[PDB]
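K.L.:
Sequence and experimental coordinates follow.
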Amino acid sequence: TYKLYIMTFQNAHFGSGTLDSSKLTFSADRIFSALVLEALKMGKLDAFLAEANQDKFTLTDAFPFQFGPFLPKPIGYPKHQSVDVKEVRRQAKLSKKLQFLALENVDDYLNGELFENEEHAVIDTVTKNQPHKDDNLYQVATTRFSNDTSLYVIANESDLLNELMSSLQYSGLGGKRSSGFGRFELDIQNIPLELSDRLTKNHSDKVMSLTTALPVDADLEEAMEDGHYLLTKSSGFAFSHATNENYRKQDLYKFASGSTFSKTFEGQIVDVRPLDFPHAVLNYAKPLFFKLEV
Amino acid sequence: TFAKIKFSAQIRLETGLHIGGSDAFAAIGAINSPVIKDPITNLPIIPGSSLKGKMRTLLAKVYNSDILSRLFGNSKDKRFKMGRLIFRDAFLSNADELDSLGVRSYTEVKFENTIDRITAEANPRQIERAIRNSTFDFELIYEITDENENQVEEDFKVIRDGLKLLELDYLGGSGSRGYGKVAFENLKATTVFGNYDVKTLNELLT
Amino acid sequence: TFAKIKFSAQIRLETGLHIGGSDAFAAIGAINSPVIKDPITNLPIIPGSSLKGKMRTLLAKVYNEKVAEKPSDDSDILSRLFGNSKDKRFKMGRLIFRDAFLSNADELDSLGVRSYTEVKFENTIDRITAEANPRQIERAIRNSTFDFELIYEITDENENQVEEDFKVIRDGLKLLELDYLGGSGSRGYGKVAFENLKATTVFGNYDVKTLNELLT
Amino acid sequence: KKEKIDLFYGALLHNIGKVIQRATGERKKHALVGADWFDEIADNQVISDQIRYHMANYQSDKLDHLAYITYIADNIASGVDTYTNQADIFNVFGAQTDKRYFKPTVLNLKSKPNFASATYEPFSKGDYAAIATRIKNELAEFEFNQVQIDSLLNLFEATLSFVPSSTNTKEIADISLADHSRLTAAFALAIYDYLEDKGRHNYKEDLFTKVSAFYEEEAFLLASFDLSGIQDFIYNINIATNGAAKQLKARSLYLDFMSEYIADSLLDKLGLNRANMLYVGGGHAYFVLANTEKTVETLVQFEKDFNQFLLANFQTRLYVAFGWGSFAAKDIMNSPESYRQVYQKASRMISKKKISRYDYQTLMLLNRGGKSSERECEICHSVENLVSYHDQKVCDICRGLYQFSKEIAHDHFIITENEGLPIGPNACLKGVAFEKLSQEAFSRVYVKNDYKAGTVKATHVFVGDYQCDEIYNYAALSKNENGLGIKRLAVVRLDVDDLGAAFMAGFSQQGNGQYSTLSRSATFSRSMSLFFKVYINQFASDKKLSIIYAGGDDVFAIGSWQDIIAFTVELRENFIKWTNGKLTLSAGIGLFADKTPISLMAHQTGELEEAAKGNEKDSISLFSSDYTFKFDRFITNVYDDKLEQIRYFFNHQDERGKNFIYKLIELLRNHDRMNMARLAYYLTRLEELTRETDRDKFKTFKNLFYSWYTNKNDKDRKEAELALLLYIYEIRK
Ligand SMILES: [Zn+2]
C-alpha cells in the first residue's frame, strides 16, 4: 500500500511462457520469488516467510514509469456518437492493444480518452548460439528500455523488504540473469494522492486489480460473477537447490493485472509445490487494487 | 555471511569486433555481416551472453570437474544451479571522447574476400566491426554465500585469471584473423551491498 | 597445462605494401583503390585476415601433400593450425593472427616524411590503339615497421605437435619474406620482411630454448 | 425431423426452375416449371407441392401447409421483397467506379478465374445446357437423405455461384443464386425451429394474412464464433524445429478444420445443417439460427463442452467465443441501422465472453494442482499424454500433427472416434485418400478443392495448398539452367488491407445503407475464400514455390525468388482484376539464404509485412523495409519498364558487366547532392569509352538513366536501385 520502488533495468527478459518472447511487466511472481531466493542466500528465508504469511504487507506487479505513474487499462472496462463508421469502428483496434495508461487522465480514460500508446521500452529479439553443438539457434528475446522507463513495484516500505530489494539490484530480475539481463537500479519515490488513496483492498465497489490475483475458493465464484480479466497462465519450472532435477510447477491460472471487479476479494499465497517435493512454492497472488471511479 | 561485490572495468578494443546479430538482407552492395547493436542508440555493444561463455570456454581449458560448475552453473549438480556470477553488457562509455579523436561513425567496414584455391576467383565481404580503442563499461557481480566462504579468495584468482586470458584471446567472433586483443583496464573491485572488505583483492587485480 | 604463446615479430616493408580497401566510389581525381587504415589513427593496418588467409593459400603448396580443391580440404597438419570448417576436431584452430597498426610513427615522422601512405601513379596501355588509362593507387611507404604478433595456444590437446607446427609456420614466414603478402603483388608490392620472431610464453610451463634455436 | 428435411429441400430448390426457364425460354414463371423439373427427376410429393405453391397466388391453391412457411422463407432471405448477367460484388463495393458484370461459367478445378468486366454484358443461353442439364445429369436420381444432405449443398456452389436472380431490375442486381438458395434454406430452417418450438400449426394466417406480425418479430439469431489463439497456435512453431512447412500447413489446416467442425457440430446438435452457416474464415464464422431456448441453452451447452475439450487438450491455448444477436425481419430496405447496431450486439457479446473467460468449477479444476511434471512438450509447453517421437518428448496432439502433416497430401478427411487429431468431443480427424474412403468408419468427411461429389459424400471445404518441389530445394531451383540466378528462397506474406474494415463497413460506404445487407457480405467473404483458398493453386501452378498458408487475409508462401516475385506479380495483377482494383494487397517478400530457419524467417517476413502495411493503404516491401513501394509503382515501373531496359541493355553488349552495375547501385544508394555530379561524370566518362558500333545504345541509356537518377522525387530512384538489384540477382554466377 505504501511507497513504490522504481526499477530501471535497460536489459530485461520477461518470460511469456517461452524463451523466444518477452513481456514488459513481470506479474509479481518473479519479484516475490526473487525476494524469496535472495533471502535464502543469506539464510534469511524464515524472516521473509514470517512477513509473507501475514497480511500487513502488499505487492503490485510492474507497470511503466516514465516520470511518474502508468497503470493498466481496465481490462474490458472502457464502458459501452455511434456513427461515422470510419472512426468509431476503427478506433477499437487502436484501443484494445493499449494496456497502459497515465494517472493524470485515467479518470478521463473511463469517460473516454484517445490514448495514443507511446512506444516506451520496445521488446527486442536478438539471436544467440552455442558453438560446436547440435542445435544452437535459441532466440533470446530481450525487453530493452527507452532510457527513462522503469517498473515500480508497490509495497509496504519495510527494511527486511529493502535489504532484499537492494540485493536484487545486483542479483538481476528477469529470465537470463547470469547472461547479463534483468539488472535494474533502485530508487524509491513517493505516491501521488490520486493513487495511494485508491490502493484499497476491501472496498465493495467497481474496482480493478493492479496485480495478478487469485481468490479464496469461496470468493472465486463471486469474483468471476463480476470480473473482467484474463488468465495468462502462471507456469514454468521450479528453481530449488536440492534436486539434481528440474520439476514443473502446478499450473496456477492467475487473474492477470488489469482484472476489474465489483465486491473485491481476499487473495492468497497459493502453494504450487511439486508433488512430493521438499519445500513449498509460494507463487504470490493477493491483489492491491485501484478504485475505478471512486 | 552475505556479500555482493562487483568487478568494475573498462574494456578496450585493440582491434575490431565482430559479434553478429540477426541478419536481414544482403542489399546487393550493403554490409554482409553486421555487428550486434543496441536497438535504441544503434551503438556497438558486447552482449553479456557473449561475455559469459567466452570466459567459460577459457576457464574450462585450464581448470580441468567442480570449479567450472561452481563458477558458472549447470543443468545437473543440485548445488550449482545459478553458479554465483551475473554479468552485464558493454554500453560504449567513450562516445563523448571519440568525437574528439576524430571519427565519423564508431563502426568500420573491414572489406574481405575469399580467393578460391584452384579457380582463383575472389568473393568479397563487408564485415562490420567496432573501431579501435573503444572503452566499454564492464561489470561482473560475484556473490558470496556462507558455503562459498572457504574458496571465495581462490575463485577471485580465477576470474582475474579469466580476464588475463581474455586479453590473450579474441572475445568476439571471427577472431582467429584478429578482431580481438581485447584489453581490460581500471580492473578494480568495489563492493555493492555487502559487508565484506575488498582490500584483500584490489592489490591482486589492479 | 594451458600454453598460449605470443609470436612477437616485426613486419618491415620493402617495396611498399598496398592492401585493398573501400572500392566504394571515391572522389574523381583522388585515390581509386585506397588502402585500409585504422579509423582511430589513419595509419596503415595489415589485418590478420590477409596474413592468415595468405599463409593459408601459400602453405597449400607446401604442406598439402594432396592437391586441395578448397581450404576445407587442407590436411591435418594445416587444419589444426589454420582452422577448418568441416573437420571434427580442427575447428577453432589455435592461431589468432593479430594485426599491426604501423607501430613506428615517431620514427617515420622524424625522417622527413609528409604522409605515411604514398599515392603511386599507374596506368595501362592496350597493345592495340595504345590508349592510356590512368589510376592513382595508395600504398604504405617503404621502410615502415609493423608490430605483428601471433597467438599459438597449446591446451594439452596436441602433446606431440610442439615442433611439428613451427617448422610449418617458420617456413611460411620465409615464404612471406619471399612472396608478396597483399594487394597487386605481381607488380611488386607488399614484400614484407619478418624480423625478430620473438616467441614468449604468455601462459604456460614452457621454454623457447627449443623454439628460437629453429626460429633464429 | 423427417419433415424438416422436406422443408429444407423444398425451400432450397426454389428458383431451380429459373435456371430451366432461362435455359429454354419457357412460360409464365419459374414456380410451376421447377416443380415439373422436380417431378421429372425423382419422387417426393411434399417437396413437389413446396415448389408448386410458394408464390402468393400459388399458396392459396395448396390448402396448414409447408408452403406458407416457404413463402416467408424466401422474402426475408432476399434483400428486397430474363436475360441479365450476374453483376459484380465489387460493383457495390467502394465508390462510384468502373462497373463490371460477371460471365456465366461453371466452376472447375484450377481452370477458371472469371474476372468480371463490361465485355461480358451479353448473355449466354447455350451454357445453361452445360449447367442445367449438367444438374440433370448429376442430380438425375438423387435420393433425399441426410447422408447426401452434403453434396447437393456442394452442387449449387459448382453451378449457380455465377448465376444471378431478379434479372429485370434497376437497383438491386448482384445476388448470386447459390448463396441466395443457402440463405433461403437457412431462413426456412429458422422459421421451422421458431414455429415448431412454439408449437404453432396453422401457418395459413399468422404467416400469410398477417405477415407483418412475424415480419416485425425478433425471432432470429445471428450467431457467430470467434476463435481465439489462432495465430498463436499457427506460430507455435519456433526456431530449430523439424516441420518447416509440414508443421505449419498441418497446424493452420487443422485450425481451419476445427473452425469448420465447430460449425458442423453446432448445426447437427440443432436441426440445422451447412446452409445455416454463412461464412467460416480465419476462426471467425457467422451463422443464421432461430431464437428459442432450445437453441440458446444448447449453444451454451456445446460452448462449455467444446471449451472443456479445448481445455482438456490445450489448456487455454484456444478459446471459442460465441455470440448471438436477436433480430427481426428488419434487414430489408431502416436497413442501414438494422444491420450495424445489432450485428455488433453479437460482437459485443463476443467481447463480453472473451474477457470473462470461464466459471468457478473449470478454473477450480484447472489450478487444483495434482501433477508431478518433469518433461514438457516444448512445442506447446504442455504435459498431457507425452510420447517420445523421434527421440524427442512431445505430446499426442503434437504427434497427430506430424501424422496430419504426413496425410495432408491426401484429398479427403474423415472424422473418427480414436484415429487422428481431435477436433471435438469424441470427434477426431484423420486424412484419407480417395480409394480408402468407404472402408473406414466416419460420420463427416471433408474434401479439399473439389466441385463434384466424390465417394463418401463429403463437404467441399477449400484450402489452397501446394508443393511444386519440397521446401529444401527451392534454393536449388532458383538458378536457371545456365547457372544464372542466385541460390535464394523468398517468402511472401500478403495481407488484405483492412479486411476487418472491408468486412464490417465495406459496402456501407456506398449508398444510404441500401447495400448494407448480409447477403453481400457473405458473398464477398465467399469470394475471398474462393480466391485465397482455391485459386492460388492456379497462380502457383507452373511457378515453383510452396503456399504454406493461405486464406482470409493472409498468404504465407515460401518458394524460389523469381517464381515468388512473378507469383506476387500475377496474384495482384489478377487480384485487381478480381477485386476491380479495390482491396489492394500489401505483400512483403524477403530473401533468405539456404537452410536458414523459418520462425527466424517468418518473423522478418512479418516485420517487412507490417512495414509495408503502414506505408500507406498498401505497399510491397522487398528485401528490407527501405525498399517500400506502391505495387502500382512496383510492377509497372520496375518489373515492366526498368528491368527489361536494364536486362536488354546488358544482354546486347559485353563491355559493361557487373562492376558497372555495382557502382550504379552504390551511387543510387549513397546519393547526396555531390553523387549526382559523380554519376554525371561516371556515365559521361563511360560514354566515350564504349566502342563506336554499340555506342549510341549507351548514349540513350545514360540519357534515360540520368532522367530518373536526378528526378528530384525519390519515387523513381529506389525503384531503379531495386531494378538493378533484381537484375544482379538474376545474373548471379
Ligand atoms: Zn507441443
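P.N.:
Cool, got the structure. Numbers count the residues shown, from 1 in each chain, chains lettered A, B, ... in the order given.

K.L.:
Quick one: list the elements packing against the lengthiest helix in chain B.
P.N.:
Counting residues, the longest helix found in chain B (DSSP state H) is helix B:152-166. On a contact count with 3 or more C-beta pairs under 8 Å, 6 or more residues apart in numbering or on different chains; DSSP states H and E, helix B:152-166 meets helix B:48-59, helix B:67-71, strand B:141-144, helix B:202-205. C-beta coordinates here come from the backbone N, C-alpha and C atoms, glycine included.

K.L.:
one more time with 10 Å, if that's ok
P.N.:
strand B:3-6, strand B:9-12, helix B:48-59, helix B:67-71, strand B:141-144, strand B:183-185, helix B:202-205, strand C:192-203 (3 or more C-beta pairs under 10 Å, 6 or more residues apart in numbering or on different chains; DSSP states H and E).

K.L.:
Just send the ones you listed back as TSV, with mean neighbour count and distance to the ion too.
P.N.:
Listed next are those as TSV, based on neighbours: other C-beta atoms under 10 Å in any protein chain shown; distance: least, C-beta to the ion, whole Å:
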stretch	mean neighbour count	distance to the ion
strand B:3-6	22	39
strand B:9-12	20	41
helix B:48-59	20	26
helix B:67-71	18	31
strand B:141-144	21	36
strand B:183-185	17	45
helix B:202-205	13	48
strand C:192-203	17	47
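
K.L.:
So which residues on chain B come close to chain D?
P.N.:
With the criterion set to C-beta under 10 Å from any C-beta of the partner chain, chain B comes near chain D through B:22-30, B:121.

K.L.:
Let's have those residues in a markdown table, adding distance to residue D:315.
P.N.:
Formatted as a markdown table, the residues of chain B next to chain D follow (distance: C-beta to C-beta, whole Å):
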| residue | distance to residue D:315 |
| --- | --- |
| B:22 | 31 |
| B:23 | 36 |
| B:24 | 36 |
| B:25 | 39 |
| B:26 | 42 |
| B:27 | 44 |
| B:28 | 48 |
| B:29 | 50 |
| B:30 | 45 |
| B:121 | 57 |
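
K.L.:
which one among the residues you listed gets closest to chain A?
P.N.:
residue B:22 (5.0 Å; C-beta to the nearest C-beta).

K.L.:
Now do the contacts for residue D:625.
P.N.:
With contact taken as C-beta atoms under 10 Å, 6 or more residues apart in numbering or on different chains, residue D:625 is in contact with B:24-25, D:588, D:590, D:604, D:607-612, D:614-615, D:619.

K.L.:
Any of the residues you listed buried? List them.
P.N.:
Burial by neighbour count, 16 or more other C-beta atoms under 10 Å in any protein chain shown: within the contacts of residue D:625 this picks out B:24-25, D:588, D:590, D:604, D:607-609, D:611-612, D:615, D:619.

K.L.:
okay but residue A:85 is in contact with residue D:505, surely?
P.N.:
Yes. Contact criterion C-beta atoms under 10 Å: residue A:85 and residue D:505 qualify, at 4.6 Å.

K.L.:
shared neighbours of the two, anything?
P.N.:
What both residue A:85 and residue D:505 touch, as defined by C-beta under 10 Å, 6+ apart, is the set D:340, D:516.

K.L.:
sorry, back to before: among the residues of chain B next to chain D, which are within reach of chain C?
P.N.:
Within those, those near chain C by C-beta under 10 Å from any C-beta are residue B:29.

K.L.:
Of the residues of chain B next to chain D, which pair is most distant in space?
P.N.:
For these, the farthest-apart pair by C-beta to C-beta is B:22 and B:121; their separation is 29.6 Å.

K.L.:
Spatially central residue in chain B, please.
P.N.:
Among the residues of chain B, residue B:51 comes closest to the average C-alpha position under C-alpha atoms, centre = their mean, at 3.5 Å.

K.L.:
For that residue, list the residues it contacts.
P.N.:
A:179-180, B:11, B:19, B:87-90, B:136, B:138, B:140, B:166, B:171.

K.L.:
before we move on, the earlier item: now, which of the residues of chain B next to chain D sits nearest chain C?
P.N.:
Among the residues of chain B next to chain D, residue B:29 lies closest to chain C (C-beta to the nearest C-beta), at 8.0 Å.
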